[PDB]
Every structure is written in C-alpha cells, then in structure tokens.
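Chemist: I have a structure here, written as structure tokens, and I will follow up with some questions on it.
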Amino acid sequence: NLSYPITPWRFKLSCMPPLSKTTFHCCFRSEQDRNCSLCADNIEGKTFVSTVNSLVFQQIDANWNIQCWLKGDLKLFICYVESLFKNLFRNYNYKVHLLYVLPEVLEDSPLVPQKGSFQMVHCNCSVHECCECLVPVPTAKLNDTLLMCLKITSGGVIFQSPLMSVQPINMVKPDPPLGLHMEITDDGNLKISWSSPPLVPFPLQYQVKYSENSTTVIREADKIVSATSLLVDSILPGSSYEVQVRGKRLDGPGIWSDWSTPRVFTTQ
C-alpha cells in the first residue's frame, strides 16, 4: 500500500508545520485536493513542533516544485527539486538525503515497502536551489513502481515528501533530437529526418513545429508527424521552412523533450 498517483508529471509541493531534530512534513499543492504521506524510512518523522519552531517556520517558508524524469539511457533517474522563491541575499545550503525503493511486484496482496529498503543517494544543488540528482535503477526491476520520499535537512529544518507511485518506464524525458538535416529530394519533397536515441527502448513519436512562412506574406502552417522522417509535400520556392522537433513516448503518458535549436530552410 502507501501508493499515491500523481498527475501531471510536474507536482507543486510546499512544506507545512506538523529544531534540527524536528522534521517538517511537506505536501503537494493542488487547487482541488492536498495529499500528505509519511515515508516508511523514519517513523519518527512526525515530531513535536515548538512555538519558537512555528515562529521560525512562518518567518522563513521553503516551498519546492519537484519534477523528476528518468534518463533515456535508463542508467540514472534524475530528480529536480526547484524552489519557487529564489533569494540572492540568502541562499540555503543543505544536504539532500534522497531515499528510493523499487521492489518487485507482488503477485498476491499489496505489500507496503519495508523500513530501510530505500537506497541512499546524495543530490547536487545549484545556486538557484534547483537540486538535480542521479538515481540508479536496476533494469530487471525497472518495470515495477517506484516510491519516493525525499529528506532535505536545510539548516536544521528537515523536509519530507509524500510517497509517489508511478511507473518509471513512462517517466523518461528523451534527449532533444539531433542530427536533423535538410535537402530537397529528387521525388520533389523536402527530406527532414531525425535519429531516435538507441538507448531509449520504447518507440518514440515526435512533436514537429514546421512553419511555411514567406518574408513578403507571413502565414503559419504547423504540421506534426510521429514518424522519424518527415516528407512535407508541395514545396513552394522562395519561402522559409522553420522546423523544430521534440519527441516523447507514444503509448501511455510521456514527457515531451525540450525543444532543440530551431532551423529554417529558405528556398530560392
């Protein structure tokens, strides 16, 4: 048990009050419902909060938007923890104790993950408090659900996140497409194609923003093709063809890849 689905992939989180020993539980923020879960790693996570602790918490409030996707190579699972508020004068310095467990699927009855089964991997944080991590994931047990509950001790203030349940194979955000080239074919059609990442196991469909614009008269004609190669028909001379391609997994949920550098072909 202790599984909570998350929608969409990016979830907004903020910390609520339940000093160094005290751990403060942080919950997801949504306009409809609020979900709070306690990580099985530490039962003692819920601690008594003093009046001075509450005053400190209301004086300085830390809220973090967390978006995490697995690499296309499946070797490491990145996990970005970005704060809503960034202050130049004061920057929080902390060590993030990320704990992850991905146990095998049990055929009969649901089993809550055991205490201590979570693996320990430290995180790397930038000056904008955007903490990116590298979480290894075994390939055999990759197909099973992954449970997340982060521990962030920020200057004597410990942060805890609710348990998320999501399949990591649909959590992959692919690398932006590269190697795209343009050349008019002998058939009479512009050839623009891209190579799928070999490390990505699942088939990838692509969101293409192709625009047929002319300098004299500006018109927009967007076309999206799921195939690896795009053969746009009825090419007109003396027009600009700005094309940019991003890809994501076809079946089931998927995270769109970041848009690459736009490239435009201007015909004579």
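As shown in the structure tokens, the chain order sets the letters A, B, ...; within each chain, residues go from 1, and ligands are also counted from 1 in the order they appear.
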Give me the residues within 8 Å of residue 197 of chain A as a PDB file with N, CA and C atoms, in the first residue's frame, counting only C-alpha atoms and dropping any in the same chain fewer than 4 places off.

Modeler:
```pdb
ATOM      1  N   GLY A  72      17.159   8.744 -20.717  1.00  0.00           N
ATOM      2  CA  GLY A  72      16.910   7.866 -21.845  1.00  0.00           C
ATOM      3  C   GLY A  72      17.796   6.640 -21.867  1.00  0.00           C
ATOM      4  N   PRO A 174      12.963  12.161 -23.151  1.00  0.00           N
ATOM      5  CA  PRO A 174      14.070  11.876 -24.070  1.00  0.00           C
ATOM      6  C   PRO A 174      14.967  13.085 -24.285  1.00  0.00           C
ATOM      7  N   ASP A 175      16.195  12.794 -24.705  1.00  0.00           N
ATOM      8  CA  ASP A 175      17.119  13.844 -25.099  1.00  0.00           C
ATOM      9  C   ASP A 175      16.581  14.562 -26.335  1.00  0.00           C
TER      10      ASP A 175
END
```

Chemist: Mind checking which residues fall within 10 Å of segment 146-156 of chain A, counting only C-alpha atoms, ignoring those fewer than 6 positions away in the same chain, and posting them as number ranges by chain?

Modeler: A: 2-4, 19-26, 37-41, 45, 62, 81, 92-104, 113, 118, 123, 137, 162-168

Chemist: Within 10 Å of segment 249-258 of chain A, which residues of segment 183-241 of chain A show up? Give each one with its shortest atom-to-atom distance in Å (one decimal) and the two atoms involved, counting only C-alpha atoms, rows by chain then rising residue number, as a tab-separated table.

Modeler:
```
residue	atom	partner	partner_atom	distance
A:200	CA	A:249	CA	9.3
A:201	CA	A:249	CA	9.7
A:202	CA	A:249	CA	6.7
A:203	CA	A:249	CA	6.2
A:204	CA	A:249	CA	4.6
A:205	CA	A:250	CA	5.5
A:206	CA	A:249	CA	8.4
A:207	CA	A:256	CA	8.2
A:226	CA	A:250	CA	8.5
```

Chemist: Using atom CA of residue 237 of chain A and atom CA of residue 267 of chain A as the two end points, give the distance in Å to one decimal.

Modeler: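 Answer for the atom CA of residue 237 of chain A to atom CA of residue 267 of chain A separation: 5.3 Å.
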
Chemist: With only C-alpha atoms as the basis for distance, which of A:199, A:106, A:112, A:192 is at the shortest distance from residue 225 of chain A?

Modeler: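 Selected residue with least distance to residue 225 of chain A: A:192.
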
Chemist: Quick check for you: according to DSSP on this backbone, which residues of segment 25-208 of chain A are classed as helix (DSSP H, G or I)? Reply as a PyMOL selection string.

Modeler: chain A and resi 43-45+51-59+168-170

Chemist: Write the residues of the selection above to a file with C-alpha atoms, as a PDB file, in the first residue's frame.

Modeler:
```
ATOM      1  CA  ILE A  43       8.504   6.510  11.704  1.00  0.00           C
ATOM      2  CA  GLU A  44       9.786   9.338  13.953  1.00  0.00           C
ATOM      3  CA  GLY A  45       9.496  11.820  11.062  1.00  0.00           C
ATOM      4  CA  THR A  51       6.183  27.629  19.395  1.00  0.00           C
ATOM      5  CA  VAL A  52       9.610  29.041  18.514  1.00  0.00           C
ATOM      6  CA  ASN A  53       9.850  26.417  15.767  1.00  0.00           C
ATOM      7  CA  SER A  54       6.479  27.551  14.398  1.00  0.00           C
ATOM      8  CA  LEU A  55       7.615  31.187  14.512  1.00  0.00           C
ATOM      9  CA  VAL A  56      10.797  30.280  12.622  1.00  0.00           C
ATOM     10  CA  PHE A  57       8.781  28.312  10.058  1.00  0.00           C
ATOM     11  CA  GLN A  58       6.360  31.191   9.471  1.00  0.00           C
ATOM     12  CA  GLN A  59       9.291  33.624   9.271  1.00  0.00           C
ATOM     13  CA  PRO A 168       9.439   4.772 -14.355  1.00  0.00           C
ATOM     14  CA  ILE A 169       9.360   3.425 -17.926  1.00  0.00           C
ATOM     15  CA  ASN A 170       6.866   6.168 -18.837  1.00  0.00           C
TER      16      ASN A 170
END
```

Chemist: Rank nothing, just name the residue among A:191, A:219, A:248, A:209 nearest to residue 261 of chain A, using only C-alpha atoms.

Modeler: A:209

Chemist: As an exercise, work out the distance from atom CA of residue 215 of chain A to atom CA of residue 190 of chain A in Å and give it to one decimal place.

Modeler: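 Taking atom CA of residue 215 of chain A and atom CA of residue 190 of chain A, their separation equals 19.4 Å.
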
Chemist: Could you tell me, as a short mmCIF file (atom, residue, chain, number, x, y, z; two decimals) with N, CA, C and O atoms, in the first residue's frame, which residues of segment 77-262 of chain A DSSP assigns to strand (DSSP E or B) when given the backbone?

Modeler:
```cif
data_model
loop_
_atom_site.label_atom_id
_atom_site.label_comp_id
_atom_site.auth_asym_id
_atom_site.auth_seq_id
_atom_site.Cartn_x
_atom_site.Cartn_y
_atom_site.Cartn_z
N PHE A 77 18.27 7.94 -12.75
CA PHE A 77 16.97 8.60 -12.70
C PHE A 77 17.15 9.99 -12.10
O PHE A 77 17.38 10.12 -10.89
N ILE A 78 17.06 11.02 -12.94
CA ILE A 78 17.25 12.38 -12.46
C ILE A 78 16.04 12.81 -11.64
O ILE A 78 14.92 12.30 -11.82
N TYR A 80 14.78 16.60 -10.19
CA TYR A 80 14.97 18.03 -9.98
C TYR A 80 14.04 18.52 -8.88
O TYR A 80 12.83 18.27 -8.93
N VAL A 81 14.60 19.22 -7.90
CA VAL A 81 13.84 19.84 -6.82
C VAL A 81 14.10 21.34 -6.91
O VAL A 81 15.15 21.82 -6.48
N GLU A 82 13.14 22.08 -7.46
CA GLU A 82 13.28 23.51 -7.71
C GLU A 82 12.40 24.29 -6.74
O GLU A 82 11.22 23.98 -6.59
N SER A 83 12.99 25.30 -6.10
CA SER A 83 12.24 26.15 -5.19
C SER A 83 11.50 27.24 -5.95
O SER A 83 11.98 27.76 -6.96
N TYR A 94 22.30 22.94 2.05
CA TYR A 94 21.76 21.76 2.70
C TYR A 94 22.26 20.51 1.98
O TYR A 94 22.77 20.57 0.86
N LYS A 95 22.10 19.37 2.66
CA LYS A 95 22.40 18.06 2.10
C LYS A 95 21.09 17.29 1.96
O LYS A 95 20.35 17.14 2.93
N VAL A 96 20.81 16.81 0.75
CA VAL A 96 19.57 16.12 0.44
C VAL A 96 19.80 14.62 0.58
O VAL A 96 20.68 14.06 -0.09
N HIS A 97 19.02 13.98 1.44
CA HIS A 97 19.10 12.54 1.65
C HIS A 97 17.96 11.88 0.88
O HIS A 97 16.90 11.55 1.42
N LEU A 98 18.18 11.69 -0.42
CA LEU A 98 17.18 11.05 -1.26
C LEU A 98 17.15 9.55 -1.01
O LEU A 98 18.18 8.88 -1.08
N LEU A 99 15.96 9.03 -0.71
CA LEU A 99 15.76 7.62 -0.44
C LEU A 99 14.75 7.06 -1.43
O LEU A 99 13.63 7.58 -1.54
N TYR A 100 15.13 6.00 -2.15
CA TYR A 100 14.29 5.41 -3.18
C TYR A 100 14.26 3.90 -3.02
O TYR A 100 15.29 3.27 -2.73
N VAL A 101 13.08 3.31 -3.20
CA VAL A 101 12.91 1.87 -3.24
C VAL A 101 11.99 1.52 -4.40
O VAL A 101 11.01 2.23 -4.67
N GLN A 119 17.22 3.00 -0.86
CA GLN A 119 18.64 3.21 -1.11
C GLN A 119 19.00 4.68 -0.94
O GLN A 119 18.17 5.57 -1.18
N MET A 120 20.24 4.94 -0.54
CA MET A 120 20.71 6.28 -0.21
C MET A 120 21.58 6.81 -1.34
O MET A 120 22.60 6.21 -1.68
N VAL A 121 21.16 7.93 -1.92
CA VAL A 121 21.94 8.63 -2.95
C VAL A 121 21.85 10.13 -2.67
O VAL A 121 20.75 10.66 -2.48
N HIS A 122 22.99 10.80 -2.65
CA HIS A 122 23.02 12.23 -2.40
C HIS A 122 22.69 13.00 -3.68
O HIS A 122 22.78 12.48 -4.79
N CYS A 123 22.31 14.26 -3.50
CA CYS A 123 21.88 15.12 -4.60
C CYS A 123 22.84 16.29 -4.77
O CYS A 123 23.59 16.65 -3.87
N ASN A 124 22.79 16.89 -5.96
CA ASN A 124 23.59 18.06 -6.31
C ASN A 124 22.67 19.25 -6.51
O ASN A 124 21.71 19.17 -7.29
N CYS A 125 22.96 20.34 -5.81
CA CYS A 125 22.12 21.54 -5.83
C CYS A 125 22.89 22.71 -6.43
O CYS A 125 24.08 22.87 -6.18
N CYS A 131 17.88 21.34 -7.14
CA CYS A 131 18.69 20.17 -6.81
C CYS A 131 18.40 19.06 -7.80
O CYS A 131 17.30 18.51 -7.84
N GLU A 132 19.41 18.71 -8.61
CA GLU A 132 19.32 17.60 -9.54
C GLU A 132 20.10 16.41 -9.00
O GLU A 132 21.22 16.57 -8.50
N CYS A 133 19.51 15.23 -9.08
CA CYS A 133 20.08 14.01 -8.52
C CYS A 133 20.29 12.98 -9.62
O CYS A 133 19.85 13.15 -10.76
N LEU A 134 20.98 11.90 -9.26
CA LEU A 134 21.25 10.78 -10.16
C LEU A 134 20.93 9.49 -9.41
O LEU A 134 21.73 9.05 -8.58
N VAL A 135 19.79 8.89 -9.71
CA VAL A 135 19.29 7.72 -9.00
C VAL A 135 19.44 6.51 -9.92
O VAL A 135 18.72 6.41 -10.93
N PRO A 136 20.35 5.59 -9.63
CA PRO A 136 20.43 4.36 -10.43
C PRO A 136 19.19 3.50 -10.26
O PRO A 136 18.58 3.46 -9.19
N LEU A 146 7.93 2.83 -8.52
CA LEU A 146 8.97 3.48 -7.74
C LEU A 146 8.33 4.37 -6.69
O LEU A 146 7.41 5.14 -6.99
N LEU A 147 8.82 4.27 -5.46
CA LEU A 147 8.31 5.05 -4.33
C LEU A 147 9.33 6.10 -3.94
O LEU A 147 10.53 5.80 -3.82
N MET A 148 8.87 7.33 -3.74
CA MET A 148 9.75 8.47 -3.49
C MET A 148 9.35 9.17 -2.20
O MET A 148 8.17 9.48 -2.00
N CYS A 149 10.33 9.43 -1.34
CA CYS A 149 10.13 10.27 -0.16
C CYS A 149 11.47 10.89 0.20
O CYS A 149 12.32 10.23 0.79
N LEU A 150 11.65 12.16 -0.16
CA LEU A 150 12.93 12.84 -0.01
C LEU A 150 13.12 13.36 1.41
O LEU A 150 12.15 13.70 2.10
N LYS A 151 14.37 13.42 1.84
CA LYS A 151 14.76 14.01 3.11
C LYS A 151 15.74 15.14 2.84
O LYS A 151 16.83 14.90 2.30
N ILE A 152 15.37 16.36 3.20
CA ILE A 152 16.17 17.55 2.94
C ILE A 152 16.31 18.30 4.26
O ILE A 152 15.37 18.97 4.71
N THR A 153 17.48 18.20 4.89
CA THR A 153 17.77 18.91 6.13
C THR A 153 18.40 20.25 5.77
O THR A 153 19.60 20.33 5.49
N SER A 154 17.60 21.31 5.79
CA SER A 154 18.03 22.64 5.36
C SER A 154 18.26 23.51 6.59
O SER A 154 17.32 24.10 7.13
N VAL A 157 16.39 22.34 9.41
CA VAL A 157 14.99 22.13 9.05
C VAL A 157 14.94 20.96 8.08
O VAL A 157 15.52 21.04 6.98
N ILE A 158 14.24 19.89 8.46
CA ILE A 158 14.18 18.67 7.68
C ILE A 158 12.87 18.64 6.90
O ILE A 158 11.80 18.91 7.46
N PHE A 159 12.95 18.32 5.61
CA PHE A 159 11.80 18.29 4.72
C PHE A 159 11.50 16.86 4.29
O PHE A 159 12.42 16.10 3.96
N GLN A 160 10.22 16.50 4.30
CA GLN A 160 9.77 15.17 3.93
C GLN A 160 8.66 15.29 2.89
O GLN A 160 7.77 16.13 3.02
N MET A 164 5.11 8.88 -3.76
CA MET A 164 4.55 8.86 -5.11
C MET A 164 4.65 7.46 -5.69
O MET A 164 5.62 6.74 -5.45
N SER A 165 3.63 7.07 -6.45
CA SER A 165 3.60 5.79 -7.15
C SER A 165 3.45 6.06 -8.64
O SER A 165 2.42 6.57 -9.08
N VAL A 166 4.49 5.72 -9.41
CA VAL A 166 4.49 5.95 -10.85
C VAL A 166 5.43 4.94 -11.50
O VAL A 166 6.44 4.54 -10.91
N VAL A 172 10.35 8.69 -18.57
CA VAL A 172 11.56 9.10 -19.28
C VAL A 172 11.25 10.32 -20.14
O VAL A 172 10.30 10.32 -20.93
N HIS A 181 18.83 16.95 -40.70
CA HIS A 181 19.39 17.58 -41.89
C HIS A 181 18.29 17.78 -42.92
O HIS A 181 17.28 17.06 -42.93
N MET A 182 18.50 18.76 -43.80
CA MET A 182 17.50 19.17 -44.78
C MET A 182 18.11 19.14 -46.18
O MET A 182 19.22 19.61 -46.39
N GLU A 183 17.35 18.59 -47.13
CA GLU A 183 17.76 18.51 -48.52
C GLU A 183 16.56 18.13 -49.37
O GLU A 183 15.82 17.20 -49.02
N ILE A 184 16.37 18.84 -50.48
CA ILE A 184 15.25 18.57 -51.37
C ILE A 184 15.51 17.27 -52.13
O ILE A 184 16.59 17.07 -52.70
N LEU A 190 10.84 17.88 -49.58
CA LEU A 190 11.90 18.19 -48.64
C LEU A 190 12.09 17.06 -47.64
O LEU A 190 11.14 16.61 -46.99
N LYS A 191 13.34 16.61 -47.49
CA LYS A 191 13.67 15.49 -46.61
C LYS A 191 14.26 16.02 -45.31
O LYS A 191 15.40 16.50 -45.28
N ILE A 192 13.47 15.94 -44.24
CA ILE A 192 13.93 16.26 -42.89
C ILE A 192 13.68 15.04 -42.01
O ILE A 192 12.55 14.55 -41.92
N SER A 193 14.75 14.53 -41.40
CA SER A 193 14.66 13.29 -40.63
C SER A 193 15.54 13.40 -39.40
O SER A 193 16.47 14.21 -39.34
N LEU A 204 9.36 6.07 -30.07
CA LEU A 204 9.25 7.50 -29.82
C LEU A 204 8.53 8.17 -30.98
O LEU A 204 8.92 8.01 -32.14
N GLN A 205 7.49 8.94 -30.66
CA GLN A 205 6.84 9.82 -31.61
C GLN A 205 7.26 11.26 -31.31
O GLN A 205 7.63 11.58 -30.18
N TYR A 206 7.19 12.11 -32.32
CA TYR A 206 7.84 13.42 -32.28
C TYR A 206 6.83 14.53 -32.55
O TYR A 206 5.98 14.40 -33.43
N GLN A 207 6.94 15.60 -31.77
CA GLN A 207 6.15 16.81 -31.99
C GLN A 207 6.99 17.78 -32.83
O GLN A 207 8.01 18.30 -32.35
N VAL A 208 6.57 18.01 -34.06
CA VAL A 208 7.30 18.85 -35.00
C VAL A 208 6.55 20.16 -35.18
O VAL A 208 5.34 20.16 -35.42
N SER A 211 6.93 25.37 -39.93
CA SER A 211 6.21 26.55 -40.37
C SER A 211 6.63 26.91 -41.78
O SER A 211 7.83 27.00 -42.07
N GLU A 212 5.65 27.12 -42.65
CA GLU A 212 5.89 27.53 -44.04
C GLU A 212 5.59 29.02 -44.12
O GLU A 212 4.46 29.44 -44.38
N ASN A 213 6.62 29.83 -43.90
CA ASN A 213 6.48 31.28 -43.86
C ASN A 213 7.23 31.92 -45.02
O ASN A 213 8.26 31.41 -45.47
N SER A 229 11.09 10.31 -39.95
CA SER A 229 11.41 11.14 -41.11
C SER A 229 10.15 11.85 -41.58
O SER A 229 9.09 11.23 -41.71
N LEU A 230 10.27 13.15 -41.84
CA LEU A 230 9.16 13.97 -42.30
C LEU A 230 9.39 14.37 -43.75
O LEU A 230 10.45 14.90 -44.09
N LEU A 231 8.40 14.10 -44.59
CA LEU A 231 8.45 14.42 -46.01
C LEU A 231 7.29 15.38 -46.30
O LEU A 231 6.20 14.95 -46.69
N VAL A 232 7.53 16.68 -46.09
CA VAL A 232 6.50 17.68 -46.31
C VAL A 232 6.25 17.85 -47.81
O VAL A 232 7.19 17.98 -48.60
N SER A 240 10.41 30.38 -46.46
CA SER A 240 11.16 29.89 -45.31
C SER A 240 10.45 28.70 -44.68
O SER A 240 9.22 28.68 -44.60
N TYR A 241 11.23 27.72 -44.24
CA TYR A 241 10.71 26.49 -43.65
C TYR A 241 11.41 26.26 -42.32
O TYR A 241 12.42 25.56 -42.25
N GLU A 242 10.85 26.85 -41.26
CA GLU A 242 11.41 26.72 -39.92
C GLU A 242 10.85 25.46 -39.27
O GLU A 242 9.63 25.32 -39.12
N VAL A 243 11.74 24.55 -38.88
CA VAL A 243 11.36 23.25 -38.34
C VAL A 243 12.10 23.01 -37.03
O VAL A 243 13.30 23.31 -36.92
N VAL A 245 11.92 19.90 -33.75
CA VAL A 245 11.34 18.60 -33.44
C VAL A 245 11.64 18.25 -31.99
O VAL A 245 12.79 18.36 -31.54
N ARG A 246 10.62 17.82 -31.25
CA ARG A 246 10.77 17.25 -29.93
C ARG A 246 9.98 15.95 -29.87
O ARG A 246 8.92 15.82 -30.48
N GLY A 247 10.50 14.98 -29.13
CA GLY A 247 9.93 13.65 -29.11
C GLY A 247 9.60 13.17 -27.71
O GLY A 247 10.17 13.64 -26.72
N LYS A 248 8.67 12.22 -27.64
CA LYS A 248 8.28 11.59 -26.39
C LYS A 248 7.64 10.25 -26.71
O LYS A 248 7.28 9.97 -27.85
N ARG A 249 7.52 9.42 -25.68
CA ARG A 249 7.00 8.07 -25.85
C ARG A 249 5.54 8.10 -26.31
O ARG A 249 4.74 8.93 -25.87
#
```

Chemist: In Å to one decimal, how far is atom CA of residue 64 of chain A from atom CA of residue 84 of chain A?

Modeler: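 According to the coordinates, atom CA of residue 84 of chain A and atom CA of residue 64 of chain A are separated by 5.8 Å.
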
Chemist: Using only C-alpha atoms, which residue out of A:42, A:268, A:234, A:196 lies closest to residue 180 of chain A?

Modeler: A:196

Chemist: So, counting only C-alpha atoms, which residue among A:86, A:10, A:223, A:263 is closest to residue 68 of chain A?

Modeler: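 Looking only at the distances to residue 68 of chain A, the closest residue turns out to be A:10.
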
Chemist: Residues at most 6 Å from residue 144 of chain A, counting only C-alpha atoms, excluding those fewer than 2 positions away in the same chain, as a list in words?

Modeler: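 Once the nearby chain positions are removed, what remains is residues 104, 105, 141 and 142 of chain A.
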